[PDB]
Each structure stands twice: as C-alpha cells, then as structure tokens.
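Engineer: Give me coordinates for this.
(2 chains, ligands or ions: 16)
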There are 2 protein chains.
Amino acid sequence: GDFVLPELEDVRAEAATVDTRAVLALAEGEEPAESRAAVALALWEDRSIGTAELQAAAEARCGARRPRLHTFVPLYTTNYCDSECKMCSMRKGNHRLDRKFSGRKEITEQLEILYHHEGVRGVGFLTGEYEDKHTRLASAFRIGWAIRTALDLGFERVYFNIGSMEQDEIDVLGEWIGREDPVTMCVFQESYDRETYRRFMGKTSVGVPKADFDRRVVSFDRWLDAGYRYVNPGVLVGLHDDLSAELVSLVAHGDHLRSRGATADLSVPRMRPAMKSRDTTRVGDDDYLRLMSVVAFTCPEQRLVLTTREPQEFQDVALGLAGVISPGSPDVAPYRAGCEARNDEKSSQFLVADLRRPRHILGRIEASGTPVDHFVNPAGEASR
Amino acid sequence: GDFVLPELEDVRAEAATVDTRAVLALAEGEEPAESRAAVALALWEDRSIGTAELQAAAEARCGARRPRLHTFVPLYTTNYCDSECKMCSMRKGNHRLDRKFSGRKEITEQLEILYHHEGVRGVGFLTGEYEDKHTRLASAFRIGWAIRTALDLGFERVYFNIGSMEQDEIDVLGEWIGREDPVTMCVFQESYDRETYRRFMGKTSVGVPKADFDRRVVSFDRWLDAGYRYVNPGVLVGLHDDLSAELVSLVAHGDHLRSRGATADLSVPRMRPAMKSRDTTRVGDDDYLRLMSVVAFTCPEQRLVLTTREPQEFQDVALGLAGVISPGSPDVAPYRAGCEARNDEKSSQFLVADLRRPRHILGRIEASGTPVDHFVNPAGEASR
Ligand SMILES: C[C@H]1O[C@@H](n2cnc3c(N)ncnc32)[C@H](O)[C@@H]1O
Ligand SMILES: C[C@H]1O[C@@H](n2cnc3c(N)ncnc32)[C@H](O)[C@@H]1O
Ligand SMILES: NCCc1c[nH]c2ccccc12
Ligand SMILES: NCCc1c[nH]c2ccccc12
Ligand code: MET
Ligand code: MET
Ligand code: SF4
Ligand code: SF4
Ligand SMILES: [Br-]
Ligand SMILES: [Br-]
Ligand SMILES: [Br-]
Ligand SMILES: [Br-]
Ligand SMILES: [Br-]
Ligand SMILES: [Br-]
Ligand SMILES: [Cl-]
Ligand SMILES: [Cl-]
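Structural biologist: Numbering: from 1, shown residues only, chains lettered A, B, ... in the order given. Ligands and ions are numbered 1, 2, ... in the order given. What follows is the structure:
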C-alpha cells in the first residue's frame, strides 16, 4: 500500500485519450474522467494550449481555495550532512563549507526573531541527512524538540525537511507532537527517475544515506502509517532533462497521498547556484510556468510552494499559481533583528535570488491585494 | 595550564622521603609536607602498614565530611557507540549487542520512576562516544536537555558521562544549565598509562574517538575553563597491571583539579563481565581496598564513588571509604516501577553484581546508621 511509481508508457497511453479542451471547460470542483497524471501529461503536451492560457486556467481552478496563501520561513539548524548530492553545497565531500550547528540558545533566538521581527507564524526546520542510526535518531530528537518549541511559542504551522525517515526515527520525532498538530513532513524526491537520481544522489550500499531511493520515496507512507496527515513531496527542477516524466511522477505521488487521506503541498524548486560537483539543466521560465500550471490545475487542493529561490520578478508572475509563499535564506541561523538575512557562500546550501526580509516580501503581497495567513505584519497597533 | 601527567620516577623519589607513620599521625585537616601523589605512593608501598589499618585511618580522616554519603543512579540513554574499547560491550564492533536509544518519552518516564518509586534525587546520564562532529554536538544537545529536564523535575545532583568533550560541545550542553547548577562532568581516563590505554581504547587517527588520550584527559580543563565546578576523574581497575602507577596518576589529577578550584569525585570502578575483545586483570579485594584507602586518605575532600559493580558483601566492607554510593544498572532505560531493573547481556555495557533496587540498597544503608543525601525513602508519610 506504499506509493508505486507510475509506468510512463501507461500514462502516455491514457493521456492520448484526454480531451484537453473539455478538461479546460470543467467547472471548478469538477474532476476529469482520466487520472490526474494522464491529464497533466495531456495538458503539458498539447501545445495548442498556450502556457499563459494554462496559467490563467490554473489560477481560476484554484481561485476558490481559502486561505489564498499561507507562509513559512525556513530555518536551517545545521549544515552538516553525511550525504553527497552533487547539486548541493552541503554535500559531505565539500570541504570548503564552514560547518555550523545551532544549539538550544541559537534556535530559540532565531524563532523569536522570526516571530517578533518578521511577524511570521510558520517555520520550517532543515538539516542534512545522516548515515548511522544513532545520528539519525539524535537528529530526529533535536528537530522534534525544535518543532515543539516553535508550536509552544505560537507558530501555527511547522514544516520539517531532515531527510528520509524510518519508522523508529518518526517515533522519536513524534514524541514531541500530537497526531493532529500542524506539522508537515517534507521529503523532496528531487527526481523520480532512478537513473537521474543515482547520477546526483550517488550509489547505494556505500554510506551515502540519500542514495536509497526507496527508503526516501516511502517516507510519507511511514508518516501516514503513524497517524499523521500533512506531507510535502517535491521535484528539483533542473536535475532530470525530461520535465514531462517528472510532472507525471509528482502528480501521481500527490494523487496517491490524497487517496490515503493526506493533505499535501507540492514543491517544484528550481536550481540555484551552489558548490556543485555536477552541472544541472537550466529550465526556462516558460517551461517552468507551464509545469507549475499543469500541476496546480490537476491538483487544485494541493498547494504549490513558491520560494525566494526565485527573483522578485518571477514571484510577481507566478505567485497566482502558489498556495504557500516561503521567503528566507538557506544559511544556518541567518536571521538578525532589523538586518538582511545572511546567505554566505561559505555556509549556505545554495544562493537565493531574493534576499529581502520576509516581512517586506509578505507585506508587499498583502498591499497588492492577497492576504497571507500565518503572517501578522508587525505594524501600527501590532507594532511593539 | 592543562593537566600534565606526573613523572612516576619523580614521584617515586619524593615518596622515598615520606615518613608514612608521621603521615598516619596527622590530625584530620592537616596536610603532609610532600605532594599528595608522593604520599599516596608511600602509603601504598609501605607494607608494614596493613591494608585494614590503612582503611581504618582513611575512614577516620574522612569521618568529619558532611554529608557522609550522597547518591545518584545511572541512566544509560543509549547503547550506541562509535568507539571500540575492548573491555566494553558497547564497542562498535560488537555486532551481537541489541542497540537501543531513549527518546523524550522514555527518558522522562525513567526519571519519574527513579524519582517517585526509587526515591532518588541524583541521576547520571550516559551515552557512547561518537566520532563525527555533528553526532557529538547532537549527543551533547540531547544530554543537555536530559540534564535540564532532571533538574526541573527536582533532581538535586546530575552527573553525565558522554565521552571526551571539546569546547564547542561543552557550549551546546551548557546552554541547558547555569554555571552554578549541581552538574558533574564524568570522564574516566580508564588508564593513565598511554600504552595500556592504547591496548584497550585503540589507535588514533582511524575514526575511533576515545583513542585520543589527550583530548580525553583535558576535558575537565575545558569544563573548568567554561566556568563550571564539578568533575569526576576515574581509573578502571584491572586495565593496567601496575596499580601504583594508576593511583599516582589519579591522585595527581585530583590534586590538579583541586588547585583549579574544582570539586572532584574520584571513581575507581573494578572490571565486570562484558562482551570483551581482550582479557583484563583481576584485582583482588585486598589490593582494591588498599587502593581505595590510599586515595581516600590522601584526597579527603574528594569523595570516592562506589557502585553496584560490586557485590553486596564488598559494599558492606568498603562503604566507609566512599562518599558517593551509586546503585543501578548499565542497560538502556532499565527501570520499571516495582520491578528489578533489567541488566540484559544483549544490551548492557557490562553485568553488575548487585541488582537490588536502589531504594532497598539505600534504605538498608540508612537503617544501618548512615544517612544518604539525595535519597528520600518513599515510606510512611512520604509514601504515595
Ligand atoms: C531543501 C531542498 O533544496 C533543494 N536543493 C538542493 N540543492 C539545491 C540548489 N543548488 N538550488 C536550489 N535548490 C536546491 C532540494 O530539493 C532539497 O530537497
Ligand atoms: C562508565 C564506565 O564504566 C567503565 N567500564 C567500561 N567497561 C567496563 C566493564 N566491563 N566493567 C566495569 N566497568 C566498565 C569505564 O570506566 C567506563 O568509563
Ligand atoms: N522548502 C525548502 C526550503 C525553503 C523554504 N523556503 C525557502 C527559501 C529559500 C531557500 C530555501 C527555502
Ligand atoms: N559512574 C559509572 C556509571 C554507574 C554509576 N553507578 C553505576 C552502577 C552500575 C553500573 C554503572 C554505574
Ligand atoms: C537541506 S536538503 C533537505 C533535507 C535533507 N538533507 C534532504 O536532502 O532530504
Ligand atoms: C558508557 S562508557 C562512558 C561514556 C563514554 N562512552 C566513555 O567511554 O567515555
Ligand atoms: S540535498 Fe539534503 S542530503 Fe543532499 S547533500 Fe544537500 S543537505 Fe545533504
Ligand atoms: S567505554 Fe564508553 S567509549 Fe568505550 S566502547 Fe564503551 S561506551 Fe564506547
Ligand atoms: Br484569503
Ligand atoms: Br544554477
Ligand atoms: Br496567523
Ligand atoms: Br550525614
Ligand atoms: Br570481569
Ligand atoms: Br534530598
Ligand atoms: Cl519548496
Ligand atoms: Cl564510578
């Protein structure tokens, strides 16, 4: 009953039977006759439907969803990692990185800055992924504490992204939270193509924890087995050259999670500069918007996540396709009251394109006419 | 200003000038003219002073100390370890051990059992020692949380024994506590002889963390540098064949710590059965009592720690030389209300000789006429 990757040849055959114009004519809250993955593929490949027209249709099909947007800010709690992903600066073989680790004091200080100075009520905790069982359990323990601590401070939504998770590691993290707490597990498969995955994440059976594709991809099934609800699959756009394959796999994974009763966000982060050991594929804005549009349209209750990997000009264009906006920096403990967050090449996972403070980014979204849930702008009579 | 091991040849020469009978005639609170280590050696080697007579003298020289005894119970929070000590079942190469790790729930439950059912107000937290910096920091983090949690529950004294500690690892643990909290760092050198140490703890530069003798031995100096106070050196009796060498080194280490203003307990645990990879030296009761007597006498403000490594019959004989009594089991989360603690060969560090419940052991000490501080016998109107 775990997720099984779809057979692309089978999806292609079903995609051939989809009437894409009829699909576009569907009322909001109406579901196509064919599978979501087949419809996504059919919309993707039918180039008589313009990308801008697909994006307009996606924004309308999602237009009823409330809240329109919510936010969380990432907080990297360490940049140690045992794995070796060739597109990521945190890879263990990158001896140039200055490695850092946040203790109790620093984690708490960062959460207070985010809460009081940035006005945010969503946070995400990130770590590397570790090889030996004891380290994995001790990481789960510390992140469980961070989650409980953020909820107790008044954060209303907590994400975590700490690697694949086995049953006993979920047990350790879970002793910190309740089954109905607003806690989302993030595990981005990066590529659902096993060969591209191996190229970037490494080979198995050699002490490289994220090289195990199968352990990673069933992490959400373990989380749902344990009685939790919120999950966040993702694809790293720019690893695999064939985007049609990845959108089929992601939509199929979302559909599986939906059928198990999960609430899923969907992440499609695009590559950013990093201290890489292998080059990646640059995906143009039209393809990327078409991918976002097709996923958002076929998965209208699963919010796309948009992040400050993208520059301000792209956020302007794409924000209507998103249901989560996540501004922040992938450096360890980077926030400081009144100051721009750090994004030091010597310690960050990658370089972001937008370094403006979260409360400025989110305040400008609100001023342009979209409320952001889990954002309390620290102004006026809410100004301290 | 770190501890420097004494030159045994130099101590021997000073020991030759000690008048051991005059030393015995010293009033309590009077200090011999020669160094503590030289006097200890001189008492050890002067076989015209009987061991029983040395033990009587030691008990009298310490007789004024208050409280006469205090207690703590060990709580092993995991039996994972990266090191390879050949006398220890937890060594990483022991593939027979069932490896266990206590999360938040289990640690808290164990502390509540110890507090309410055993009546104890001292606890010690133990782990393995880990190789990579991230694991060491995450272990320090979790043990710091355990220490804070025990203090908040009303434990009045907390020991920890989690391996050598570098400055940044002490920083992480330290964010959990205050500089004047009743927290004792334990780091038993095991043998102060570098060659015996290498034989059992392994060779350096190969991923075996406790093989670094120097990192280990200056851990207390780092702890004092950070502004803490309480420390607990130790020798594992039965590693090195020449006990006179080890008592000189231990007494010299205690004297150094005293000169830095520390409060030091001294541990001389004797070997117990384990899943070993090298045999050890059995030390008879007369030599062991003579060693305890000479250390207790020359170091009258530094409490010897006696544990349930020893059988009831030996505790009866030696308890007068101790200032700390520590009953318990070296298995992970072994305590259960109303039941004997577990000491499973499949998961414990070694097999103890006395498996009676701490409150029985400590209640019998109290009934025989020695109060035990940090023990509240759960009886009568203190019975719940
Ligand atoms: C936390 C997420 O960040 C993504 N990720 C990893 N490396 C990079 C990069 N150079 N640029 C952008 N995103 C990256 C992965 O999808 C990872 O899961
Ligand atoms: C926690 C302490 O237990 C001691 N130690 C390690 N192995 C054994 C054994 N087989 N028997 C008794 N004590 C042991 C070490 O001195 C270690 O530092
Ligand atoms: N979800 C991946 C981490 C993240 C969320 N928001 C971000 C902004 C910038 C960099 C990473 C993130
Ligand atoms: N101080 C070493 C751990 C310890 C304290 N008391 C014990 C009793 C039995 C075994 C270990 C201990
Ligand atoms: C910092 S990257 C995300 C978390 C984890 N290291 C992983 O790659 O799954
Ligand atoms: C469990 S043995 C004591 C703690 C640590 N593993 C060390 O040997 O120092
Ligand atoms: S993507 Fe995550 S697991 Fe891979 S190297 Fe980076 S931090 Fe480590
Ligand atoms: S004595 Fe401590 S470091 Fe050595 S193998 Fe045992 S638990 Fe590990
Ligand atoms: Br809204
Ligand atoms: Br790039
Ligand atoms: Br809110
Ligand atoms: Br007393
Ligand atoms: Br033995
Ligand atoms: Br007490
Ligand atoms: Cl994302
Ligand atoms: Cl001891």
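
Engineer: contacts, neighbours, all on C-alpha from now
Structural biologist: Fine.

Engineer: any idea where the strands of the stretch 1-150 of chain A begin and end?
Structural biologist: A:70-71, A:73-76, A:122-126 (DSSP state E, counting those that start in this stretch).

Engineer: Quick one: distance of the last one to the chain centre.
Structural biologist: Taking the mean C-alpha point of strand A:122-126 and that of its whole chain, the gap between them comes to 11 Å (C-alpha atoms, centre = their mean, to the nearest Å).

Engineer: same thing with the shortest one?
Structural biologist: Here strand A:70-71 shows a centroid-to-chain-centroid distance of 13 Å under the convention C-alpha atoms, centre = their mean.

Engineer: Please enumerate the strands of the stretch 251-384 of chain A.
Structural biologist: Using DSSP E, counting those that start in this stretch, the strands of the stretch 251-384 of chain A run over residues A:263-264, A:266-267, A:304-307, A:324-326.

Engineer: so can I have a markdown table of those showing distance to residue A:274 and mean neighbour count?
Structural biologist: Below are those laid out as a markdown table (distance: least, C-alpha to C-alpha, whole Å; neighbours: other C-alpha atoms under 10 Å in any protein chain shown):
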| stretch | distance to residue A:274 | mean neighbour count |
| --- | --- | --- |
| strand A:263-264 | 28 | 21 |
| strand A:266-267 | 19 | 27 |
| strand A:304-307 | 16 | 26 |
| strand A:324-326 | 20 | 23 |
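
Engineer: of all those strands, which lies closest to residue B:26?
Structural biologist: strand A:324-326 (73.8 Å; C-alpha to C-alpha).

Engineer: For ligand 13, see how far away the closest residue in space to residue A:49 that isn't next to it in sequence is.
Structural biologist: Distance criterion C-alpha to C-alpha, 6 or more residues apart in numbering or on different chains; nearest residue to residue A:49, sequence neighbours excluded, is residue A:43 at 7.5 Å. Distance of residue A:43 to ligand 13, given as C-alpha to the ion, to the nearest Å: 73 Å.

Engineer: Next, the residue nearest to residue A:119 when sequence neighbours are not counted: phi, psi?
Structural biologist: Leaving aside its sequence neighbours, residue A:119 sits nearest to residue A:376 (C-alpha to C-alpha, 6+ apart; 4.9 Å). When quoted as degrees, to the nearest 10, the phi and psi of residue A:376 stand at phi -120, psi 100.

Engineer: surely residue A:376 meets residue A:116?
Structural biologist: No - with contact defined as C-alpha atoms under 8 Å, residue A:376 does not reach residue A:116; the gap is 9.3 Å.

Engineer: Check the burial of residue A:25 by counting its neighbours.
Structural biologist: Each residue near residue A:25 was counted by other C-alpha atoms under 10 Å in any protein chain shown, and the total is 10.

Engineer: With the one 10 residues further on instead?
Structural biologist: Each residue near residue A:35 was counted by other C-alpha under 10 Å, and the total is 18.

Engineer: hmm, back to that, closest to ligand 3 out of the strands of the stretch 1-150 of chain A?
Structural biologist: strand A:73-76 (4.8 Å; C-alpha to the nearest ligand atom).

Engineer: Grab the CA positions of the closest one and hand them over as PDB.
Structural biologist: What follows is strand A:73-76, C-alpha atoms only, in PDB (Å, rounded to 0.1, in the frame of the first residue of the first chain):
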ATOM      1  CA  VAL A  73      10.200  30.800   6.700                       C
ATOM      2  CA  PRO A  74      13.000  28.100   6.500                       C
ATOM      3  CA  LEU A  75      15.400  27.800   9.400                       C
ATOM      4  CA  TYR A  76      18.400  25.600   8.700                       C
END
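
Engineer: isn't residue A:264 right next to residue A:230, touching?
Structural biologist: Yes - in this structure residue A:264 lies within contact range of residue A:230 using C-alpha under 8 Å: 5.9 Å.

Engineer: So the residue lying closest to residue A:20 once chain neighbours are set aside versus residue A:84, what's the distance?
Structural biologist: Computed as C-alpha to C-alpha, 6+ apart, the closest residue to residue A:20 that is not its neighbour in sequence is residue A:43, at 6.1 Å. Distance from residue A:43 to residue A:84, counting by C-alpha to C-alpha, to the nearest Å: 35 Å.
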